[PDB]
Amino acid sequence: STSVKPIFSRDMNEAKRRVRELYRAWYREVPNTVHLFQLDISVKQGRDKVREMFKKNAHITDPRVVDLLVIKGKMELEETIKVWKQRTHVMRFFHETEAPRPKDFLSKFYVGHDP
Amino acid sequence: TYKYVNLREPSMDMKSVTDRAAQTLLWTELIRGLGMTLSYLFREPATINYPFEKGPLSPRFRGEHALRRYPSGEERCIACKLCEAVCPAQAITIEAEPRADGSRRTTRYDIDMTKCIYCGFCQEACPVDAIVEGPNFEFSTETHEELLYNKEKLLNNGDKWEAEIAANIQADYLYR
Amino acid sequence: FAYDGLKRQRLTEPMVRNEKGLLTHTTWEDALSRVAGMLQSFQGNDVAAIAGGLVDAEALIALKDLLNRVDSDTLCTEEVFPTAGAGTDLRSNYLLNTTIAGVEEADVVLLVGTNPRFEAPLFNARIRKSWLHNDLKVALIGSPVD
Amino acid sequence: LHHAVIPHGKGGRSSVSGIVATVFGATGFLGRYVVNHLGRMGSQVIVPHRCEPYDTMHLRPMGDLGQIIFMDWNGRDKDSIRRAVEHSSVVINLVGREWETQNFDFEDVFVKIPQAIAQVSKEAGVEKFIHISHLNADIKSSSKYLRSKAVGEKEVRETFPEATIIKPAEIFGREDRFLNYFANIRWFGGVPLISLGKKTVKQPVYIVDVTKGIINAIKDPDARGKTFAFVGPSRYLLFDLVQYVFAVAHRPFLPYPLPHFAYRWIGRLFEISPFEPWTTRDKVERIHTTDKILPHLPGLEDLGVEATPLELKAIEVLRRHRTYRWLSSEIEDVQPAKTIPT
Amino acid sequence: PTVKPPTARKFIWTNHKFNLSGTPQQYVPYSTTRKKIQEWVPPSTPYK
Amino acid sequence: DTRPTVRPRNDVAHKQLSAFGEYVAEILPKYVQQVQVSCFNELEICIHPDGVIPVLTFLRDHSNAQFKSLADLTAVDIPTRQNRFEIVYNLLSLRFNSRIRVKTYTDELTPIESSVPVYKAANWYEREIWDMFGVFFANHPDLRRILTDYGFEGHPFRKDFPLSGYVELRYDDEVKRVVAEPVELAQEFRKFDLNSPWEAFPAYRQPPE
Amino acid sequence: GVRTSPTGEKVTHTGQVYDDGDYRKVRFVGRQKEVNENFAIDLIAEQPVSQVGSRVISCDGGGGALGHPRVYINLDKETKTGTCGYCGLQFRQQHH
Amino acid sequence: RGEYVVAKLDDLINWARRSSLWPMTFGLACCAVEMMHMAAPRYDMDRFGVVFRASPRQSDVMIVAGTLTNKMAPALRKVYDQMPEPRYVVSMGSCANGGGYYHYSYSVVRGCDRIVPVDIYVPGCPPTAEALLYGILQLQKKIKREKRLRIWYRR
């Protein structure tokens, strides 16, 4: 039952190799992206954001899911490197317009009914 | 059955070869095309002098929406909400309550004309010929809000366009 | 048909008393602050609560905890139930233990001091069902009602 | 609260915030940012405008349907003001010219008109009045712009005692007339400065910070009746600030000292323009007026805002003053300006 | 219409109106329904 | 066939297509799981997802088939099934004037083998499936989004994706660019419950549970 | 008929009017509130009751297929007038 | 009197702009065919002085004729920003006016007025060539009422 067709990785050790390789490519590419897209952020800010995205999923332990996340990341790399994206797409990771939303009970209580 | 569009071979006699050479050197076929454009120049143009002349239309034309009345002046709509249900665009919003005389009538009848596709399904569905796509097509606005129609707007359009609307229905109700 | 009363005489905004002594609209911040100040000041039996008929269990326990943390156990209802003997210690003392569905299997029913037609319209309808299909016998110790 | 002004939603475009605002002088540098933040959270904004409607088109996309309403008004018609504030909970005054037209003076735009809006706003029962003055407004200043600001600041406070009065420093942004003013001086060769700009200290503030603080003053009960001072994180010497502007713009910087009397006469020569003057004798004095340090007044940190450094938002303003060679140079290529420590 | 005239109803407009967009006579949308939830009006007397 | 309103039946095709289904099942037992022919005469072959290339190549190249054209390749989301995604191949044979449907299955994480080696038309169809449903086709020349916006996160055609999505776009003058924000609708989509409580088609009545 | 509120706003045939303290009446400043002056409740009442000689009468609204679905109205109660559920027309049975 | 001069000069500059409206060759979907039909012999937008030019730099009017998706939206703002001023936008069809029949889609901007300012809204799906022409002529009248120089004199 648990026997399942793999995507690329046969174990988490082989998958975590692809995660690290992907982080390398992203880390090289932020300096060019800031220059090419003419963004008003720093290279450190972009490299921090890459770290944040890689940290969000820091809990997964399924080799197949990690492969898909790596596949999706690599696609976003082809888009950004080849300038298929635009300045609006690259800057959507930073959520500049979204004013900070309350994250404490009292603040949520004063504004609305949401959990 | 089928036919070949370009599977003809040329004639290699000298007269034919010479004729093609003349076509190549004296541009006969190109000159031929210039004649057609010259003929069109001396034809009457197909242009109409809008807005003093209008393009032809039919009684079935689907245009600006209107809410109609019986000859008494009573609203035909009974709030059945069939138009709301069939609208492919969810452009119609209806709320109803019993009127002071006990009649089933609407308190809200809103059509978002920027959601409408002008399909006429709502005038097909109506069982009392209350909602109609009228003849008018010249209701462009300077703002979006002016195209969010409420009940009063749709009733004024009916009272504005009733004479034309009724006559068109008289012409096409036998096909419907 | 009582759902239409939920659209009338509703409380929509927090209210506090002004200098004149009249309730005026305010904000959650102000109203909760006025309430919390007295809760800190008073303690023990000086703090009490009364629960109404349409109160949820989540709020009931919540209020209990808040008043317990000021060492107040005066958590009260509006509906009396004898506190003598085992009072509320045992559930069986204050529950319809036979269940609503049990009336169908009963042979005799004795009703004391209650009009089940109006206090529990759907429970009386269950009694009449057994009265009709299982030939139940019903007795009453109270005012003669229909 | 009337049932219509009770907040609903998650603070988006289609939400309701309970703020029905009349913003005078909304067609300018500060207003377009104020209206945008107002319309982000679902507020009803009345935009009374004097100008051609074509010049208000950039505001229409800032709010959902019906949430931006446009009215015509005249600063000399007290009734036109009344129609615009009678249904509003907060009124914001952003009216001002950096020059004196034939019809309107500095007195008209900083004293007479603001008092009229305040007088009418109170008669119509407006809860809140937010007035923008200047950090360096003073009765004894050389600049008439700043002296008239002080007069209006006092008239507003006497007419509308609960009015929140906000006193910004020089504001820098894409449409500022501060960093762009300096960068366009390249047209005239070098940069004329008084005493070479070693005696003037500036504390410029980002436009968004001002916009956030104004908005938070609307939503803060405490702000009522107070006077705020919106200043930037750091203080700079005019010479160093001007030099930083040119470095970011990658344009040659040729500072030369120009005495006080001369750079006054150049202003009078640029004031003859029937259109918008490139510079004026007043703007001269203001650029070279050292920004006051007002510790007795509350600041942005009291309204919840965090001051934005010039070093992070200068490039967005000054990259349009670059040539193709230097357009792509990044934000880390220009070493930041020297700062006067506190 | 000079030959075959339209039918006459009382409710039909006697005076036609050209497009009124951009003018003071323009149509402004609004909701035609009354309020849903009534709200408790507090007593006008000072209790205690 | 004299009933004016009822679709005529063609039994000759039903017998022909049924036999060809037996023909395929006999030749490809290793992968074929089910063969069915419909009332309106269409043959469906249902296969294990590991026989996509073998089965498609046989149908394309066998002399008693010659399905040289891939008319369409799509997917269907059925959440209740543990393998929620049904991959459907519709093929056309010009030689025999016939159509055949091939069906297989997969889940969110299990890849399917790309059919590009068999039909070069499948390149874009497979990209659309990935973009819209999130199914990964292994050994594809270039698998990337084709219909969704750049950076779009999610697979819209899954039955669990909201119709109006999670984000919406607008232009913000402050940042002078188009920005994405969470979706808020002035008028919520009105869900109409149209199904009737009374059964309509007895012949499809599902056996009681 | 159109009656005006103390503020001056016109009331609609649905009874809608903005109360004094509602901000939403600012949308009508410099523009107008569009209200149809022909109130259908008033116009139907003007139509005379029809005297008929049967316990049951039919109504199609007039025009045949251009009216409303045909219905039959009972006129056996002499304390009221039979009314159509579609067109609002009233009928009464004439004492034989 | 200078109020007379600005008024006549204002008339001239308005007359030229409304008498030489050059739309950008820009369409998105099935409202564009009806725009072609406004360019065709029967209606001949050219006779009014309306000439289609591809480049945004040589354009005065953007007619948004079709459904604006989210992928497309950044491009529409770009070409709009690249149009020299004065510039006007006509919204043609339900899809552009408010999303129309894809209004509830994840991939559709619920109106082009979220992306760019709009001067005229033409309702329909599709609007007829005659109805678009009514909108163009309505834009011409809007320009005729502009008071840019009269306002400048009183500024």
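As written, the chain order gives the labels A, B, C, D, E, F, G and H, with residue 1 at the start of each chain.
Everything that follows uses one rule, which is that contacts are C-beta pairs under 8 Å (C-beta built on N, C-alpha and C of every residue); 3 or more make two chains touch, one makes a residue touch a chain.
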Remark   = By label, the chains that touch chain B as well as chain C are D, E
Request  = Give the identifier of the chain nearest to the protein's overall CA centre, each chain being represented by its own CA mean.
outcome  = H
Key: Contact pairs, highest-scoring chain pair   = B-H
Query = Cα centroid separation between chain A and chain G, in whole Å?
reply = 63
Key: Centre distance in Å when chain D and chain E are each reduced to the mean of their C-alpha atoms   = 42
Key: Mean-CA-position distance for chain E and chain B (Å)   = 29
Key: Approximate Å spacing (C-alpha centroids) for the pair chain B, chain H   = 21
Sequence positions of chain A contacting 2 or more other chains = 86, 88-89, 97
Inquiry  = Residues touching two or more other chains, restricted to chain B: which are they?
reply    = 69, 71, 73, 90, 107-108, 112, 138-146, 148, 150-153, 159
Task = Return the residues of chain F touching two or more other chains; collapse runs of consecutive numbers into ranges.
result = 149-150, 170-172, 174, 177-178, 181-182, 185, 189
Note = Counting only contacts in the complex, chain B reaches chain E at residues 69, 71, 73, 95, 107-110, 138-143, 145-146, 148-153, 159-160, 162-164, 166-167
Task = Flag every residue of chain E that touches chain G in the complex, lowest number first.
result = 10-11, 24-28, 30-34
Residues of chain E touching chain C in the complex = 36-40, 42-48
Request  = Under the touch definition given earlier, write down the residues of chain D that touch chain C in their complex.
outcome  = 1, 3, 6
Query = Considering the complex alone, what residue numbers of chain D touch chain H?
reply = 50-52, 54, 57-58, 60-61, 101, 103-104, 275
